[PDB]
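Since the structure comes first, as C-alpha cells, the remarks are kept for the end.
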Amino acid sequence: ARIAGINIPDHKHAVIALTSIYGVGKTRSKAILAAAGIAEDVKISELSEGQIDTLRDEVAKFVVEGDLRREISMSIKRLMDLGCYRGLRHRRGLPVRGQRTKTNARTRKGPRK
Amino acid sequence: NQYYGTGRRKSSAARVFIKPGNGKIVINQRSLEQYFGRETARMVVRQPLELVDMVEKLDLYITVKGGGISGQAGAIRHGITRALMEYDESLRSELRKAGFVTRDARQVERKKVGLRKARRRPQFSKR
Amino acid sequence: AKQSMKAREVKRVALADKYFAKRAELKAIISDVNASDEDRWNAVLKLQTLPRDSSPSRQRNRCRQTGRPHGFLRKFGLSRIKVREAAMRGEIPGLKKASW
Amino acid sequence: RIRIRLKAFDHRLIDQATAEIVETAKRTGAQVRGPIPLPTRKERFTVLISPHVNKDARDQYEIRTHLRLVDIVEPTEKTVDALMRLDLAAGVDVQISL
Amino acid sequence: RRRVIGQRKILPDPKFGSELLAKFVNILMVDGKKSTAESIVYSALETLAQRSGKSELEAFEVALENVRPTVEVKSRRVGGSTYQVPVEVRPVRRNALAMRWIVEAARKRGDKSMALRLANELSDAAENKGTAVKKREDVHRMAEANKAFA
RNA sequence: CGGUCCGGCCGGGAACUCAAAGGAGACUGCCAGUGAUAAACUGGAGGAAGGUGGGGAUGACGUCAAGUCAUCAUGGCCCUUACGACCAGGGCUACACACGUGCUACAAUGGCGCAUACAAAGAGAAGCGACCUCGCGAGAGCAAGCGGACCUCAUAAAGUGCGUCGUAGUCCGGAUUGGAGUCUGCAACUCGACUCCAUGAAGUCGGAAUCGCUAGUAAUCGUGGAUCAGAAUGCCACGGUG
RNA sequence: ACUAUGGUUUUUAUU
C-alpha cells in the first residue's frame, strides 16, 4: 500500500492519490500505468517493490517532484522594471495577459464589503 | 375475410390487417416483444385488443414506418380500431365508450412567428 | 451616409477589380514553407494592404436602395421597409403571403 | 450524359412549362418518365414590422419553388431544342447540365 | 350505452398492495424524468426491512395511518366577510398528502439520498414521530380552538 | 404480381404514405333538462371533428402632459475660416459601485467510466469536403463523392444497460496559474476564437420580495441558418422527453 | 356586525 499514492485510501480506484500530484494528472498517470503494463479498472493492481518505482524514467520528460517549479522560480525573476508591462505585472499581483476591471472582476478583486 | 385499417399520427403511418383464425400478433415481420421492451408507449396498442379478448381467436398483421415510438403506437392503436370496427360494427358502440375511435387532441401546428419556441411568456418582471 | 460615399463606392470597386478580385486564388497558394534556405514570398505579402481605403472587410455588401452596411437581406439587396412594399409589387419571383 | 431541370415560382406555371417537354418526350423513345415530381423547396423569412422596437409585432414571408426533372430519355437534337423556346416564361428557370 | 362512466384511468398492481402508487412516484419528479422518481419501488423498503425491524408488508400502510391529515383551516368567503373555517380533507387526498409532506429535514439528515432517505423518515412516521408531526397536531388544534358551524 | 438461400434491390405498382395543389363536412342541424318552450349553461347521438373543435391574422369613438427631426420629410436655433467637408492617427470592452435580464452550478431529481436506440430543418461554384495521415491538440496535408431528395457538413442528446462515489467544499466543482502553439485580420499592448500538459480558490438551494402554466402547459435535451475576414450564450427555424 | 391588523395623501413650483 502507498507505493506511489501518498494518501491512506489504498482499496479504491486508480485515480485516487495518482492524479493532480507532483506534475502528474490523468494523461501522465495513464503514461506510467502504460509503462508498467498493469491493470486499472475498479482498482489499481496490487504491486511490490522493483515493479513501477523502477519505471519513473519512462515519464521523466516533464517538470516533476523537486523540479516542478525549481528553475522557473528563478527565470520568472528576470523582468522586474516598472516601465516594463511584464515587469510591473510580475512585481505586483496583476494579470500579464490583461483582464477587465470595471465589471465581472470580483474573483481577482475578491469579496466586496 | 381480411378486414383492413389505416392509421397515421405525427409523421408516422401504419397499416393493419385483422382476420379470424389463430390468436397471433406480428409487427414489421418481428414479434410484438422482439425489439420493444423499454419504450414508454409500447403497451398502448393493447388497449382495444382486450375488448374482444386477446390472442385466442383473431389474427393481427401490422406494418409501420416514419416518426417516433409514441407516434407509431398512437397510429397503430387507431389503425387497429379502424380494422376492428369492420370486423364487427357493434364494437363501434364499445370503442366510443373508451375513446379509441377518435383522433386524439394533440397534433403538430405551424411555427408561431419569431420569439424562440413562441409558446412561453417573455420577461415581464417589474424590477 | 456621407455624400462622398457614392463617389467612394465606384473608387473602391474599381480598385478591387484591379487588385483583390485578380489576386485571391494566388494569395491562397503562396503559403509555402518548402523552398531550401530563405523564404520566397515573405517580401510580397504586403500587397494585401498596399492600396488605401480599398479592402474586402471595408467593402461590405451594403443595402441597394438605402446607404447602409447593416439591417439588410442579401437575397433581395433590400431592408425590411423596402421588402414590405416589394412583397406587394413583385416582380420579385414567388414572394407572397401564400394564397397563390 | 446530359441533364435537364425545370423550376418555377408558381404551382400552375410549373405545368405550363412541363406541358411542352412531356409531349416532346412522346416524340422520341418508347417509354416516358412523366413529370418526375421531386420535393418542392420553401424559402422563408421572419422580419420586424413596427417603425421602432415593439417586440410583440413580428411578420413572416415565404417563397416556394416547384421543380420537375422529366428526363429527355434519348439522344435527339429536336428534343433538347424544346427547351430553347421555353425559359422566357415569367417565373421560369431552365438549367441544362453536361 | 356508449358514453358512460368512464372507467379505469389507472389500474391496481398485484405486487405493490397500494393504489397510492400513481401519486407516490409523482414525488421529486422533474422535466418528466419519471424513472428518477420511480427509483424507490422494490429498493427503499427492501432497505427499510434491513434498517428498522423485519418485513415491509404493512410499514408504508401503517406509517400513513399514523401520519393522517383529516382537517384543513382556511379563510373562506360568506360575502363580504371571509371567516376562518375548518374543512375536512377531501376523500381522494386524505391518505395521498402526507407522503409528499416530509421535506423540512431532507437536506439536513445526511441520509445519503433518495432510497436511503425514505428508509429513515418512515421509521419516525411509523410512530407519528420526527418531521412535520408537531405541525399536524398544530392543525388539529387550529381546528379545535375554532370548529365554526358544524 | 414476376426475378427471389427470398433485398424497394431489379422489373413493376402507387395500394399506404410523403411533396403537394384543386376542393369537401357542420346548419344549433338533432335530442333531454334548467332557464323566461327566448338566449345561454350542462349533458348526449351522429362524425375524424361542433355549441370559440386545437392554433393565428385585430387596433371603432375616446385616452396618455406616450415614443420619432433616426423610415421619410422639413420650419426654427446654432455653427458658417466653422460645430461644414476632406486627410491620418485615435475612442466606442478607458473604473470606482448598485444592478435588469441570462448561465455553468452548488451535487446523487447528479457525476465519472464504458457501450447504445429513436430525428427534422437548412448550408454547400478557390463550395460541403469523405477515406486515410501528421501534429499531444487547435488545425492542417493528400484527394474521392456531389453541384447536390442521392455525396459531403453529419457518431442527435436527454434517455437505456453494467460498474463506481459512502454525503464531505468531495473521485465534486474549476474563477486561477505557468510554458508553448493552431486560425484570422493593416490591427489580438489596450481589445479576438481555439488547444496541449500541469496548476488552483469559491460554490452548501439564495434577505424582504418578484415572476410562470391550467396540459403537449410551467420545466428540459439535441441540430441548423443569417449578419460575417476572425468573433455570439442575442436573433430566426427545426426535432426529441414530460 | 368578525381575512386580527399599514401611518397619509410634503413646504410648494408656474410653457
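Residue numbering restarts at 1 for every chain of the C-alpha cells, chains are lettered A, B, ... in their displayed order, and ligands are numbered from 1 as they appear.
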Set out as CSV a contact list for range 26-71 of chain D and range 85-97 of chain D with a cut-off of 10 Å, giving each residue of range 26-71 of chain D that qualifies its closest atom pair and distance in Å to one decimal, counting only C-alpha atoms, ordered by chain and rising residue number.
residue,atom,partner,partner_atom,distance
D:65,CA,D:91,CA,9.6
D:66,CA,D:92,CA,9.9
D:67,CA,D:93,CA,9.6
Could those residues be written to a file, using N, CA and C atoms, as an mmCIF file, in the first residue's frame?
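Saved to result.cif:
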data_model
loop_
_atom_site.group_PDB
_atom_site.id
_atom_site.type_symbol
_atom_site.label_atom_id
_atom_site.label_comp_id
_atom_site.auth_asym_id
_atom_site.auth_seq_id
_atom_site.Cartn_x
_atom_site.Cartn_y
_atom_site.Cartn_z
ATOM 1 N N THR D 65 -40.734 27.151 -54.589
ATOM 2 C CA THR D 65 -40.447 26.725 -55.958
ATOM 3 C C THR D 65 -40.790 25.265 -56.174
ATOM 4 N N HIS D 66 -41.303 24.996 -57.368
ATOM 5 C CA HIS D 66 -41.669 23.676 -57.843
ATOM 6 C C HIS D 66 -40.699 23.263 -58.941
ATOM 7 N N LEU D 67 -40.165 22.055 -58.830
ATOM 8 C CA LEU D 67 -39.093 21.531 -59.656
ATOM 9 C C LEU D 67 -39.562 20.249 -60.358
#
Polymer residues at most 10 Å from residue 113 in chain B, only C-alpha atoms (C1' of nucleotides), same-chain spacing of 2 or more positions, as a list in words
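Listed by chain and then number, they are residues 110, 111, 115, 116, 117 and 118 of chain B; 45, 46, 47, 56, 57, 58, 59 and 60 of chain D; 56, 236 and 237 of chain F.
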As a PyMOL selection string, please: every residue in chain B that a backbone DSSP assignment puts in strand (DSSP E or B).
chain B and resi 3-9+12-20+24-27+30-31+58-65
Can you spit out the residues from that selection as a CSV table (one decimal), in the first residue's frame, using N, CA, C and O atoms?
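Listing of result-v6.csv after writing:
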chain,number,residue,atom,x,y,z
B,3,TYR,N,-60.0,-7.9,-42.9
B,3,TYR,CA,-60.5,-6.6,-42.6
B,3,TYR,C,-59.3,-5.6,-42.4
B,3,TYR,O,-58.4,-5.8,-41.6
B,4,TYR,N,-59.3,-4.5,-43.2
B,4,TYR,CA,-58.2,-3.6,-43.4
B,4,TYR,C,-58.5,-2.3,-42.6
B,4,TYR,O,-59.6,-1.7,-42.7
B,5,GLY,N,-57.4,-1.7,-42.0
B,5,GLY,CA,-57.4,-0.4,-41.4
B,5,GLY,C,-56.1,0.3,-41.5
B,5,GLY,O,-55.0,-0.2,-41.2
B,6,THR,N,-56.1,1.6,-41.9
B,6,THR,CA,-55.0,2.5,-41.9
B,6,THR,C,-55.0,3.3,-40.7
B,6,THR,O,-56.1,3.6,-40.1
B,7,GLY,N,-53.8,3.8,-40.2
B,7,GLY,CA,-53.7,4.7,-39.1
B,7,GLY,C,-52.5,5.6,-39.3
B,7,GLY,O,-51.4,5.2,-39.7
B,8,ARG,N,-52.6,6.9,-38.9
B,8,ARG,CA,-51.5,7.9,-39.0
B,8,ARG,C,-51.4,8.8,-37.8
B,8,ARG,O,-52.5,9.3,-37.4
B,9,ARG,N,-50.3,9.2,-37.3
B,9,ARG,CA,-50.0,10.1,-36.2
B,9,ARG,C,-48.6,10.7,-36.3
B,9,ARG,O,-47.6,9.9,-36.3
B,12,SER,N,-45.8,9.6,-38.7
B,12,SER,CA,-45.8,8.1,-38.8
B,12,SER,C,-47.0,7.6,-39.5
B,12,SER,O,-48.1,8.1,-39.3
B,13,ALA,N,-46.9,6.5,-40.2
B,13,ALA,CA,-48.1,5.9,-40.9
B,13,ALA,C,-48.0,4.3,-40.9
B,13,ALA,O,-47.0,3.7,-41.1
B,14,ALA,N,-49.1,3.7,-40.5
B,14,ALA,CA,-49.3,2.3,-40.3
B,14,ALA,C,-50.5,1.7,-41.1
B,14,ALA,O,-51.5,2.4,-41.4
B,15,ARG,N,-50.4,0.4,-41.3
B,15,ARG,CA,-51.4,-0.4,-42.0
B,15,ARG,C,-51.7,-1.7,-41.2
B,15,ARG,O,-50.7,-2.3,-40.8
B,16,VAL,N,-52.9,-2.0,-40.9
B,16,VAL,CA,-53.3,-3.2,-40.1
B,16,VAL,C,-54.3,-4.1,-40.9
B,16,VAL,O,-55.2,-3.6,-41.5
B,17,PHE,N,-54.1,-5.4,-40.8
B,17,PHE,CA,-55.0,-6.4,-41.2
B,17,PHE,C,-55.4,-7.3,-40.0
B,17,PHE,O,-54.6,-7.8,-39.3
B,18,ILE,N,-56.7,-7.5,-39.9
B,18,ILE,CA,-57.4,-8.4,-39.0
B,18,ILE,C,-58.1,-9.5,-39.7
B,18,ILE,O,-58.8,-9.2,-40.7
B,19,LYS,N,-57.9,-10.7,-39.3
B,19,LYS,CA,-58.5,-11.9,-39.8
B,19,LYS,C,-59.0,-12.8,-38.7
B,19,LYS,O,-58.4,-12.8,-37.6
B,20,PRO,N,-60.1,-13.6,-38.8
B,20,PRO,CA,-60.4,-14.7,-37.9
B,20,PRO,C,-59.4,-15.8,-38.1
B,20,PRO,O,-58.8,-16.0,-39.2
B,24,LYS,N,-52.6,-14.7,-32.9
B,24,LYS,CA,-51.2,-14.2,-33.1
B,24,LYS,C,-51.2,-12.7,-33.5
B,24,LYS,O,-52.1,-12.1,-34.0
B,25,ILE,N,-50.1,-12.0,-33.1
B,25,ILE,CA,-49.8,-10.6,-33.5
B,25,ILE,C,-48.4,-10.5,-34.1
B,25,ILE,O,-47.4,-10.9,-33.4
B,26,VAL,N,-48.2,-9.9,-35.3
B,26,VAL,CA,-47.0,-9.7,-35.9
B,26,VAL,C,-46.8,-8.2,-36.3
B,26,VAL,O,-47.8,-7.6,-36.8
B,27,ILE,N,-45.7,-7.6,-36.1
B,27,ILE,CA,-45.4,-6.2,-36.5
B,27,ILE,C,-44.0,-6.0,-37.2
B,27,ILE,O,-43.0,-6.5,-36.7
B,30,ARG,N,-41.6,-8.9,-37.3
B,30,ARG,CA,-41.0,-9.2,-36.0
B,30,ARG,C,-42.1,-9.5,-34.9
B,30,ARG,O,-43.2,-9.2,-35.1
B,31,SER,N,-41.7,-10.2,-33.8
B,31,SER,CA,-42.6,-10.4,-32.7
B,31,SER,C,-42.9,-9.1,-31.9
B,31,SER,O,-42.0,-8.2,-31.9
B,58,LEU,N,-58.2,-14.5,-33.1
B,58,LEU,CA,-58.0,-13.4,-34.0
B,58,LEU,C,-56.6,-13.2,-34.5
B,58,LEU,O,-55.7,-13.2,-33.6
B,59,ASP,N,-56.3,-13.1,-35.8
B,59,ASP,CA,-55.0,-12.9,-36.4
B,59,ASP,C,-54.8,-11.4,-36.7
B,59,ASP,O,-55.5,-10.8,-37.4
B,60,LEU,N,-53.6,-10.9,-36.2
B,60,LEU,CA,-53.2,-9.5,-36.4
B,60,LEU,C,-51.9,-9.5,-37.2
B,60,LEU,O,-50.9,-10.1,-36.9
B,61,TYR,N,-51.8,-8.6,-38.3
B,61,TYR,CA,-50.6,-8.3,-39.0
B,61,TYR,C,-50.5,-6.8,-39.3
B,61,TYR,O,-51.3,-6.2,-39.9
B,62,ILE,N,-49.4,-6.2,-38.7
B,62,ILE,CA,-49.2,-4.7,-38.7
B,62,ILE,C,-47.9,-4.4,-39.5
B,62,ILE,O,-46.9,-5.1,-39.3
B,63,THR,N,-47.9,-3.3,-40.2
B,63,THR,CA,-46.7,-2.6,-40.8
B,63,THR,C,-46.7,-1.1,-40.5
B,63,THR,O,-47.8,-0.5,-40.5
B,64,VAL,N,-45.6,-0.6,-40.2
B,64,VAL,CA,-45.4,0.8,-39.8
B,64,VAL,C,-44.0,1.4,-40.3
B,64,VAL,O,-43.1,0.6,-40.3
B,65,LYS,N,-44.0,2.7,-40.6
B,65,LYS,CA,-42.8,3.4,-40.9
B,65,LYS,C,-42.9,4.9,-40.6
B,65,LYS,O,-44.0,5.4,-40.7
List every residue of chain D that has an atom at most 7 Å from any atom of chain C, and for each one report the closest atom pair and its distance in Å to one decimal, counting only C-alpha atoms, with rows sorted by chain and then by increasing residue number, as a Markdown table.
| residue | atom | partner | partner_atom | distance |
| --- | --- | --- | --- | --- |
| D:9 | CA | C:94 | CA | 4.8 |
| D:10 | CA | C:94 | CA | 6.6 |
| D:47 | CA | C:80 | CA | 6.9 |
| D:61 | CA | C:97 | CA | 5.6 |
| D:62 | CA | C:95 | CA | 6.4 |
| D:63 | CA | C:94 | CA | 4.9 |
| D:64 | CA | C:94 | CA | 6.3 |
| D:91 | CA | C:93 | CA | 6.1 |
Produce a file of the selected residues containing N, CA and C atoms, as an mmCIF file, in the first residue's frame.
data_model
loop_
_atom_site.group_PDB
_atom_site.id
_atom_site.type_symbol
_atom_site.label_atom_id
_atom_site.label_comp_id
_atom_site.auth_asym_id
_atom_site.auth_seq_id
_atom_site.Cartn_x
_atom_site.Cartn_y
_atom_site.Cartn_z
ATOM 1 N N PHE D 9 -41.726 29.404 -60.029
ATOM 2 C CA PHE D 9 -42.175 30.111 -58.826
ATOM 3 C C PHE D 9 -43.705 30.087 -58.594
ATOM 4 N N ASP D 10 -44.468 29.284 -59.336
ATOM 5 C CA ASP D 10 -45.914 29.140 -59.178
ATOM 6 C C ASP D 10 -46.383 27.717 -59.532
ATOM 7 N N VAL D 47 -39.329 38.642 -40.055
ATOM 8 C CA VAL D 47 -38.915 40.050 -40.037
ATOM 9 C C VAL D 47 -39.652 40.839 -38.961
ATOM 10 N N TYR D 61 -42.803 35.807 -44.255
ATOM 11 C CA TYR D 61 -42.977 35.582 -45.693
ATOM 12 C C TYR D 61 -42.415 34.219 -46.109
ATOM 13 N N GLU D 62 -42.815 33.732 -47.284
ATOM 14 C CA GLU D 62 -42.310 32.509 -47.882
ATOM 15 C C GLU D 62 -42.278 32.628 -49.419
ATOM 16 N N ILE D 63 -41.255 32.054 -50.039
ATOM 17 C CA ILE D 63 -41.065 31.919 -51.480
ATOM 18 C C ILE D 63 -40.854 30.444 -51.784
ATOM 19 N N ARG D 64 -41.834 29.775 -52.399
ATOM 20 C CA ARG D 64 -41.729 28.355 -52.741
ATOM 21 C C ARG D 64 -41.605 28.085 -54.241
ATOM 22 N N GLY D 91 -41.372 33.800 -64.483
ATOM 23 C CA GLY D 91 -41.283 32.949 -63.278
ATOM 24 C C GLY D 91 -40.712 31.546 -63.533
#
Which of range 16-93 of chain D counts as helix (DSSP H, G or I) under DSSP, as a PyMOL selection string please?
chain D and resi 16-24+77-85
Using only C-alpha atoms (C1' of nucleotides), find each residue of chain F with at least one atom at most 9 Å away from an atom of chain C; report its shortest atom-to-atom pair and that distance in Å (one decimal), sort the rows by chain and rising residue number, and return the result as a tab-separated table.
residue	atom	partner	partner_atom	distance
F:71	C1'	C:81	CA	7.0
F:126	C1'	C:25	CA	5.7
F:185	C1'	C:57	CA	8.9
F:186	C1'	C:49	CA	5.9
F:226	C1'	C:73	CA	8.8
F:227	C1'	C:70	CA	8.2
F:229	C1'	C:57	CA	6.3
Within 9 Å of residue 44 in chain F, counting only C-alpha atoms (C1' of nucleotides), which residues qualify if same-chain residues fewer than 6 places away don't, as a PDB file with N, CA, C and O atoms (P, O5', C5', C4', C3', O3' and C1' of nucleotides), in the first residue's frame?
ATOM      1  N   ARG E   3     -71.213   6.591 -24.304  1.00  0.00           N
ATOM      2  CA  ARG E   3     -70.609   7.471 -23.296  1.00  0.00           C
ATOM      3  C   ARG E   3     -71.184   7.227 -21.888  1.00  0.00           C
ATOM      4  O   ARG E   3     -72.164   7.846 -21.483  1.00  0.00           O
TER       5      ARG E   3
ATOM      6  P     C F  31     -85.733  16.355 -33.412  1.00  0.00           P
ATOM      7  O5'   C F  31     -85.121  15.541 -32.185  1.00  0.00           O
ATOM      8  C5'   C F  31     -85.340  15.951 -30.852  1.00  0.00           C
ATOM      9  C4'   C F  31     -84.473  15.151 -29.864  1.00  0.00           C
ATOM     10  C3'   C F  31     -84.669  15.674 -28.486  1.00  0.00           C
ATOM     11  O3'   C F  31     -85.935  15.283 -27.906  1.00  0.00           O
ATOM     12  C1'   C F  31     -82.410  15.297 -28.813  1.00  0.00           C
ATOM     13  P     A F  32     -86.641  16.225 -26.854  1.00  0.00           P
ATOM     14  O5'   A F  32     -85.814  15.997 -25.520  1.00  0.00           O
ATOM     15  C5'   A F  32     -85.966  14.787 -24.791  1.00  0.00           C
ATOM     16  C4'   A F  32     -85.064  14.760 -23.546  1.00  0.00           C
ATOM     17  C3'   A F  32     -85.383  15.860 -22.582  1.00  0.00           C
ATOM     18  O3'   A F  32     -86.534  15.560 -21.758  1.00  0.00           O
ATOM     19  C1'   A F  32     -83.056  15.641 -22.834  1.00  0.00           C
TER      20        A F  32
END
Please provide as a PDB file with C-alpha atoms, in the first residue's frame all residues within 8 Å of range 50-63 of chain A, with the sequence filter that same-chain residues fewer than 4 positions apart are discarded (counting only C-alpha atoms (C1' of nucleotides)).
ATOM      1  CA  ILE A   3       3.835   2.547  -3.141  1.00  0.00           C
ATOM      2  CA  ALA A   4       3.026   5.556  -5.433  1.00  0.00           C
ATOM      3  CA  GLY A  23       3.499  17.076 -12.036  1.00  0.00           C
ATOM      4  CA  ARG A  28       0.639  11.305 -17.393  1.00  0.00           C
ATOM      5  CA  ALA A  31       1.525   7.086 -19.261  1.00  0.00           C
ATOM      6  CA  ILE A  32       3.142   5.311 -16.207  1.00  0.00           C
ATOM      7  CA  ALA A  35       4.958   1.930 -18.748  1.00  0.00           C
ATOM      8  CA  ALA A  36       4.382  -0.873 -16.156  1.00  0.00           C
ATOM      9  CA  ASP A  67      11.826  20.060 -10.110  1.00  0.00           C
ATOM     10  CA  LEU A  68       8.081  21.018 -10.555  1.00  0.00           C
ATOM     11  CA  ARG A  69       8.812  24.821 -10.099  1.00  0.00           C
TER      12      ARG A  69
END
For the contact check between chain E and chain G, emit one row per residue of chain E within 7 Å, containing the shortest atom pair and the distance in Å rounded to one decimal, counting only C-alpha atoms (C1' of nucleotides), chain then rising number order, as a tab-separated table.
residue	atom	partner	partner_atom	distance
E:75	CA	G:3	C1'	5.7
E:82	CA	G:3	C1'	5.4
E:83	CA	G:3	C1'	6.7
Considering only C-alpha atoms, give me a table of residues in chain B that are at most 10 Å from chain E, with the closest atom pair and distance in Å for each, as CSV.
residue,atom,partner,partner_atom,distance
B:92,CA,E:2,CA,8.7
B:93,CA,E:2,CA,5.2
B:94,CA,E:2,CA,6.2
B:95,CA,E:2,CA,8.1
B:96,CA,E:2,CA,5.9
B:97,CA,E:2,CA,4.7
B:98,CA,E:6,CA,7.1
B:99,CA,E:3,CA,9.1
Those selected residues, please, written with C-alpha atoms and delivered as a short mmCIF file (atom, residue, chain, number, x, y, z; two decimals), in the first residue's frame.
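Once written, selection_30.cif looks like this:
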data_model
loop_
_atom_site.label_atom_id
_atom_site.label_comp_id
_atom_site.auth_asym_id
_atom_site.auth_seq_id
_atom_site.Cartn_x
_atom_site.Cartn_y
_atom_site.Cartn_z
CA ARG B 92 -68.25 0.89 -32.63
CA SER B 93 -70.52 1.42 -29.59
CA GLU B 94 -67.80 -0.08 -27.28
CA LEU B 95 -64.78 1.76 -28.82
CA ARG B 96 -66.58 5.12 -28.28
CA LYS B 97 -67.05 4.05 -24.59
CA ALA B 98 -63.18 4.02 -24.14
CA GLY B 99 -62.19 6.87 -26.63
#
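Here CA of residue 47 in chain A stands at a distance of 14.1 Å from CA of residue 12 in chain A.
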